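Protein chains in written order, with PDB author numbering: chain A, 40 to 79; chain B, 15 to 190; chain C, 23 to 52; chain D, 5 to 294; chain E, 465 to 515; chain F, 156 to 258; chain G, 5 to 445.
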Amino acid sequence: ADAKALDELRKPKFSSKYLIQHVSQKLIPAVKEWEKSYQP
Amino acid sequence: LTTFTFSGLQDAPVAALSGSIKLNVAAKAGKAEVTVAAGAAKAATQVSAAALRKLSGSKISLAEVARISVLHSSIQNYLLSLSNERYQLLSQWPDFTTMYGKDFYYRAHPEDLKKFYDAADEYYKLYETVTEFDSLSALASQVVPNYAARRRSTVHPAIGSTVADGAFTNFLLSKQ
Amino acid sequence: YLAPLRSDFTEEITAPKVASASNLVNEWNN
Amino acid sequence: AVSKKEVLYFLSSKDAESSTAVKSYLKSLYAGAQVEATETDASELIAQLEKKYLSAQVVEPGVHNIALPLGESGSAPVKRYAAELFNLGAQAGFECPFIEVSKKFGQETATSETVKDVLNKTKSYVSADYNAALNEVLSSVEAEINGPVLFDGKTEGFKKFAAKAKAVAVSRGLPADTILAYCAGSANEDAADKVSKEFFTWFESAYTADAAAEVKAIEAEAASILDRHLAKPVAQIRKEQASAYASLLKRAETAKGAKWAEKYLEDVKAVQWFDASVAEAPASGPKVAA
Amino acid sequence: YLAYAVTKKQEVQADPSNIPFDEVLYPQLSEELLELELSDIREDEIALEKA
Amino acid sequence: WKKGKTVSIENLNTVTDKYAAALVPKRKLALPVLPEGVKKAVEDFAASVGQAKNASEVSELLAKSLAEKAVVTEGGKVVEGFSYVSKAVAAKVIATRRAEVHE
Amino acid sequence: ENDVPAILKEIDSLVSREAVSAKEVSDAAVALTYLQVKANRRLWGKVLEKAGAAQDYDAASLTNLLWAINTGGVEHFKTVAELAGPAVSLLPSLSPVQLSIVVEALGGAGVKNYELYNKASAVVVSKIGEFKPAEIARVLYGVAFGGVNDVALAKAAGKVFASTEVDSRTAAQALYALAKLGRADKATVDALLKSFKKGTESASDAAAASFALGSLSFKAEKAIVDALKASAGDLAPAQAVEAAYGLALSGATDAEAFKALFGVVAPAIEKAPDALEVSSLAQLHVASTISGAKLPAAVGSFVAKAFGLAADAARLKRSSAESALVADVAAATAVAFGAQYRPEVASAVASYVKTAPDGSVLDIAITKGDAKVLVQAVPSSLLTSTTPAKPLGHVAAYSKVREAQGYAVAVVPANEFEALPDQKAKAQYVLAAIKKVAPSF
């Protein structure tokens, strides 16, 4: 209810950080399957 | 701060500089009796030379509790300070309601009274939107995302032209 | 008060595009 | 949870939501959990792509924690703002901006034999006001040789170009003799001390002028956004903003199960806590647990 | 702020001495708004004296 | 409102006093309300002589006798010799003049 | 008539009004350190809110404020780093005792202001007799921790520390400043180690000279370490770690000094294991290894993982000229162990990147049966900043922890390695360094 914390209240709110994480969770595991399967 | 600090009871402030609070220390050999007087209250305790050195052992590390973020609240504080400079020139608007009487209605040209009543309706349009301060928080979110993408630089968050120009002459005017 | 979330990087190192002074102080002084 | 390569990146980080993911990870390792073995894999192109996307998860909450010095007088708010972004570079795994942009030059031009191809592959990182002043001087030294000026250094045709480009670099205002004498060094530590004090006098006047040019563009963007908004009637403003707020909520409610949309709507509930905690005690502010 | 504004507006609007009387404020206007309506009758009375 | 400062309610209220001080007309009739301090001291004098049942009627005539010769005050001071023709007198001049031209 | 919480409420109402000047915010901060008000963080926050808002600043109130920020242990980078604006404006106006307080406070907070420390060192190297030796160590602590490698000051400071004998608190600040600069000039350190025989009234400077010696690897001087075994209750758990880490790096074997130091940090990790940095949990595992003094069973196993964490984090955030050096040393390690052609060195350096037992990754780790050899490259950031350029004490920290894991760490420093002209000379330098440590290879 009232009186959250300090370390809960120090977070910047509408930063990205989780689009950057969601992209890197779908780009890094999708590009390791590109260099393991690569011949020109 | 660092891990070890080296200040306390040596070249310390011995007295307050304002009148709102009165400070006196009793510089003894080992300890010191402080005399603090603020308003109606007085405190008189004793602090050692090794009692101030343990003070900076645990750090306070203050941090800001912002509504959205510290970045956004700094943009919104600037929009609030910009919206003051516009409000201060609506403070200098002439009191048109002193000419609302019917001895100004009937002496005046009928088209210069339409314009006068339109210039009074215009001031209430300007004044009711410069005091819409609840709209300044959504205006700060139109500045944030383009700024934040310039800080997601692939080189550095703090890179700029003057550094990257001056670091080109180190790259170009050296050998290859 | 909330913004669109963007996840894209800046590759160029450019000048930050200072915008032009709007005439609102001159319009409201008029 | 974190993927154990994020948590190695969040150790020297100092934002809140990354330290509480570290602190609950270190509390798991106190209760006898095994630290998982970090990957000795992920070849040179994938390693530079994980470093690109893990530094940007340290930079993104850190940029939102740095107050812009908008509408301030003096250099020290602009020097504080620049120093907080320097420290955000070091926390996210970047080096000095001098050492990180010159690495960008030598990587984009690893295959350059002529300096005209240097001046076209380092185009994105050098100012076009400075890229043009190095292209006009290039075509004069191209006129004296009538052969492409080489990126060799041993060539005398480059040595007359590098003495003409040094005349350009001092014309912009940047001491090309001081910059070169820093990244080359000297033998004794006393004569290298005076050139480092003269490089860092340029460097601090350099990165202040990039931070101050960034502040003067946010000040100019916000002043044109406001003056466009102050010209609206107040009924238009409230529904232009309620349309933009509701469309942006619905984009986070369309996205189900995503971590970003779950955290987006959880921060909307934390803004509404902030507005409600202030309403209970407005001379006190928000109530923190103490 | 609004609570003082509804008791300052009513403190002025409940006083009956604050009712604006146009004949007290502008005496020459209400004596000319009368002679607009009396001159419209006088033009009907001249038309019947001519008849 | 100053630059980084706040607005005080003892300044928002003296601004609202300047708005409601323009709602008063700059020349007005001093229309008297009979206060409770006088309308009960008259009803006291009427109830002591046993007219407590028609005691409301005695007060109203004292209210109306001040109201009918209510004087015109410009700036708090009384403008002397100021005669005005009301809107109900002037609409009686019109109604008799209409009836003597219609006849 | 003696009221501490009723005088906090009258300081709270002094800084919560609308136009607090510089002198009233300075003296409210001075009153909060003498009263030792670490428990109330919001009252310290209301002072630093008005400390940034205050626009007047004379020479007296700026130094009383910055003393109170540094002594009180209160950290806010935005407020303190914008107090360097008054400081460069009041810099000729400052007394030499006042200039030592602002640079020790702005330097110790990490304020990156090169214009401040350039002009504030120029008044110390011009007016050096004007400065007391305690005021030279304060400026030296400031310019070092503000990121300026000003050795024109570090030489002029050493001329004073050999001419005047200094206080124990003065010397340990000067050692801590030279340890971050990484200088290790024995002509100046030994002039400061003779100040630690009159006894030390603080444990925080005996612990800081302990850290500053081991970071330069000099040795423990027998009156610092026995000053540390009696007063290891005065130290915070982040400060007792850097005492034990600094004794272990200097070669101290007084295990009851390590019983005293580990008697602070072990119940602190048992209460909250996330209280310390992971850089400090790794500095405990170095100290719990080289002296060999044990920890509790829940603690010493926990800080063993946090050496594996804090060594990976410095490998992911590698300086990219250290990445250029490790892949150069590993190539010469492939040539030294027999690889004449490029498909053999490229397939060998990929085999040198075995996993350490704690979970971390070793870059050049060679295994022949029952013997392991680790090759360590230590570039320039881990070298001493002076002309002989030995590696700093942290390289023997990393070596002796890996040596207790079954490795034979061969140190390859880059001041010697990259002075070599070709790959064959670089391979025989690496091969000789492996023979010196484990001659089985």
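Don't be surprised by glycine CBs; every beta carbon is placed ideally from N, CA and C.
For the segment 292–307 of chain G and the segment 246–260 of chain G, state whether three or more C-beta atom pairs, one from each stretch, are separated by less than 8 Å. Cβ pair count under 8 Å is three or more, so yes.
Considering only residues of the same chain and omitting the five flanking positions on each side of residue 40 of chain B, which have a CB-CB separation below 7 Å? In the second sequence, counting from the first residue as 1, residue 40 of chain B sits at position 26. The residues are 46 and 47.
Own chain partners of residue 120 of chain G with C-beta closer than 8 Å, once the 5 adjacent residues on each side are dropped: Position 116 of the seventh sequence holds residue 120 of chain G. Contacts found: 88, 91, 92, 95, 107, 110 and 150.
For residue 163 of chain D, name the three-state secondary structure that DSSP assigns. The count along the fourth sequence starts at 1 and reaches residue 163 of chain D at position 159. The answer is helix: DSSP assigns residue 163 of chain D an H, G or I state.
Can you pull the DSSP bridge partners for residue 395 of chain G? Along the seventh sequence, one-based indexing puts residue 395 of chain G at 391. Per DSSP, G:387.
Given residue 118 of chain D as reference, the closest of D:277, D:155, D:244 and D:22 once Cα atoms are compared: Position 114 of the fourth sequence, counted from the start, is the residue given in the question as residue 118 of chain D. The shortest C-alpha separation from residue 118 of chain D is found at D:155.
Three-pair Cβ contact test at 8 Å for the segment 152–169 of chain D versus the segment 115–133 of chain D: Segments in contact, yes.
Please confirm whether residue 514 of chain E has its beta-carbon closer than 8 Å to some beta-carbon of chain F. Taking the fifth sequence and counting its residues from 1, one reaches residue 514 of chain E at position 50. Closer than 8 Å: no.
To which residues of the same chain is residue 233 of chain F closer than 8 Å at the C-beta, ignoring the five residues directly before and after it? Locating residue 233 of chain F in the sixth sequence gives position 78, counting from the first residue. Excluding positions up to five away in sequence, the list reads 185, 226 and 227.
Local Cβ density within 10 Å of residue 186 of chain D, reported as buried at 16 or more and exposed below that: Counting from 1 along the fourth sequence, the entry for residue 186 of chain D is found at position 182. When all chains shown are included, residue 186 of chain D counts as buried.
Closest to residue 510 of chain G by C-alpha separation, out of G:125, G:131 and G:76, would be which residue? Nothing can be reported for residue 510 of chain G: it is not among the residues displayed for chain G, which extend from 5 to 445.
With burial defined as no fewer than 16 other Cβ atoms inside 10 Å of the residue's Cβ, what is the status of residue 255 of chain D: buried or exposed? For the purposes of this step, residue 255 of chain D is identified with residue 251 of the fourth sequence, where counting begins at 1. So residue 255 of chain D ends up on the exposed side.
Using the three-state DSSP reduction, which class does residue 38 of chain B fall into: helix, strand or coil? If you number the second sequence from 1, residue 38 of chain B lands on position 24. Residue 38 of chain B falls in the strand class under three-state DSSP.
Could you tell me how far apart the beta carbons of residue 30 of chain G and residue 65 of chain G are, in whole angstroms, since I believe they sit closer than 8 Å? Along the seventh sequence, read from residue 1 onward, the residue named residue 30 of chain G stands at position 26. Along the seventh sequence, read from residue 1 onward, the residue named residue 65 of chain G stands at position 61. The beta-carbon distance between residue 30 of chain G and residue 65 of chain G, rounded to whole angstroms, is 4 Å. This is short enough to meet the 8 Å contact definition.
Select from B:114, B:64 and B:82 the residue whose C-alpha is nearest the C-alpha of residue 133 of chain B. Looking up residue 133 of chain B in the second sequence gives position 119. When only C-alpha atoms are compared, the closest one is B:114.
Residue 411 of chain G: buried (16+ other C-beta within 10 angstroms of its C-beta) or exposed? By one-based count along the seventh sequence, residue 411 of chain G stands at place 407. Label assigned to residue 411 of chain G: buried.
Is any beta-carbon of chain E found at less than 8 Å from that of residue 169 of chain F? Mapped onto the sixth sequence, residue 169 of chain F falls at position 14. Look at residue 169 of chain F: its C-beta is not under 8 Å from any C-beta on chain E.
Within its chain, find whatever has a CB closer than 7 Å to the CB of residue 333 of chain G; leave out the 5 residues flanking it on each side and keep chain order. Taking the seventh sequence and counting its residues from 1, the one referred to as residue 333 of chain G is at position 329. Counting only residues of its own chain and dropping the five nearest sequence neighbours on each side, residue 333 of chain G has a CB closer than 7 Å to the CB of 368, 379, 381, 416, 421 and 434.
Expected contact under 8 Å - CB spacing of residue 277 of chain D and residue 58 of chain A to nearest Å: For the purposes of this step, residue 277 of chain D is taken as residue 273 along the fourth sequence, with counting starting at 1. For the purposes of this step, residue 58 of chain A is taken as residue 19 along the first sequence, with counting starting at 1. 23 Å between Cβ atoms; not a contact.
Is it right to say residue 406 of chain G is buried, meaning 16 or more other beta carbons lie within 10 angstroms of its own, or is it exposed? Position 402 of the seventh sequence, counted from the start, is the residue given in the question as residue 406 of chain G. Within a 10 Å sphere around the beta-carbon of residue 406 of chain G sit 16 or more other beta-carbons, which makes this residue buried.
Does the beta carbon of residue 173 of chain B sit closer than 8 Å to a beta carbon anywhere in chain G? Position 159 of the second sequence holds residue 173 of chain B. Taking Cβ atoms only, chain G never reaches closer than 8 Å to residue 173 of chain B, which makes this a no.
From residue 184 of chain G to residue 148 of chain G, what distance separates their C-alpha atoms? Numbered from its first residue, the seventh sequence carries residue 184 of chain G at position 180. Numbered from its first residue, the seventh sequence carries residue 148 of chain G at position 144. Looking at the two C-alpha atoms, the distance is approximately 7 Å.
Starting from residue 417 of chain G and walking both ways along the alpha helix (DSSP H), at which residues does that stretch end? One-based indexing of the seventh sequence puts residue 417 of chain G at position 413. Counting along the chain, residue 417 of chain G falls outside any alpha helix (DSSP H), though it belongs to the beta strand (DSSP E) covering 414–417.
Using the three-state DSSP reduction, which class does residue 244 of chain G fall into: helix, strand or coil? Taking the seventh sequence and counting its residues from 1, one reaches residue 244 of chain G at position 240. DSSP, read as helix, strand or coil, puts residue 244 of chain G in helix.
Do you know how far the Cα of residue 359 of chain G is from the Cα of residue 351 of chain G? Position 347 of the seventh sequence holds residue 351 of chain G. Position 355 of the seventh sequence holds residue 359 of chain G. A direct Cα-to-Cα measurement between residue 351 of chain G and residue 359 of chain G gives close to 17 Å.
Taking the C-alpha atoms as reference points, what is the distance between residue 188 of chain F and residue 489 of chain E? In the sixth sequence, residue 188 of chain F corresponds to position 33, counting from 1. In the fifth sequence, residue 489 of chain E corresponds to position 25, counting from 1. Taking the straight line joining both Cα atoms gives about 21 Å.
Residue 35 of chain G versus residue 50 of chain B: straight-line alpha-carbon distance, rounded: Looking up residue 35 of chain G in the seventh sequence gives position 31. Looking up residue 50 of chain B in the second sequence gives position 36. Spanning the alpha carbons of residue 35 of chain G and residue 50 of chain B requires a straight line of approximately 7 Å.
In angstroms with no decimal places, state the Cα-to-Cα distance between residue 4 of chain G and residue 55 of chain B. Limits of chain G in this structure are 5 at one end and 445 at the other, which puts residue 4 of chain G out of reach.
How should residue 192 of chain G be labelled, buried or exposed, when 16 other C-beta atoms within 10 angstroms of its C-beta is the threshold for buried? Indexing the seventh sequence from 1 puts residue 192 of chain G at position 188. By the neighbour-count criterion, in which 16 or more other beta carbons inside 10 Å mark a residue as buried, residue 192 of chain G falls on the buried side.
Min CB distance residue 101 of chain B to chain F below 8 Å: Against the second sequence, residue 101 of chain B aligns to sequence position 87. Chain F places a beta carbon closer than 8 Å to that of residue 101 of chain B, counting this residue as a contact.
Mind checking whether residue 179 of chain D and residue 206 of chain D have CB atoms under 8 Å apart? The residue labelled residue 179 of chain D in the question sits at position 175 within the fourth sequence. The residue labelled residue 206 of chain D in the question sits at position 202 within the fourth sequence. Their beta carbons are under 8 Å apart, which means residue 179 of chain D touches residue 206 of chain D by this criterion.
Could you list which residues in chain D have their beta carbon closer than 8 Å to that of residue 321 of chain G, in chain order? To locate residue 321 of chain G, count along the seventh sequence from 1; it is residue 317. Going along chain D in sequence order, the residues near residue 321 of chain G (Cβ under 8 Å) are 13, 16 and 97.
Beta-carbon of residue 158 of chain F versus every beta-carbon of chain B: anything under 8 Å? Within the sixth sequence, residue 158 of chain F is the residue found at index 3, counting from 1. So, interface residue.
Look at the alpha carbon of residue 443 of chain G and the alpha carbon of residue 372 of chain G, and state the distance between them as a whole number of angstroms. Position 439 of the seventh sequence, counted from the first residue, corresponds to residue 443 of chain G. Position 368 of the seventh sequence, counted from the first residue, corresponds to residue 372 of chain G. So the two alpha carbons sit approximately 12 Å from each other.
Checking 8 Å against the spacing of the C-beta atoms, do residue 128 of chain D and residue 35 of chain C come in under that value? For the purposes of this step, residue 128 of chain D is taken as the residue at position 124 of the fourth sequence. For the purposes of this step, residue 35 of chain C is taken as the residue at position 13 of the third sequence. Contact: yes.
Among G:197, G:428, G:401 and G:388, which residue has its Cα nearest to the Cα of residue 419 of chain G? Counting from 1 along the seventh sequence, the entry for residue 419 of chain G is found at position 415. Checked all of G:197, G:428, G:401 and G:388; the closest Cα to residue 419 of chain G is G:388.
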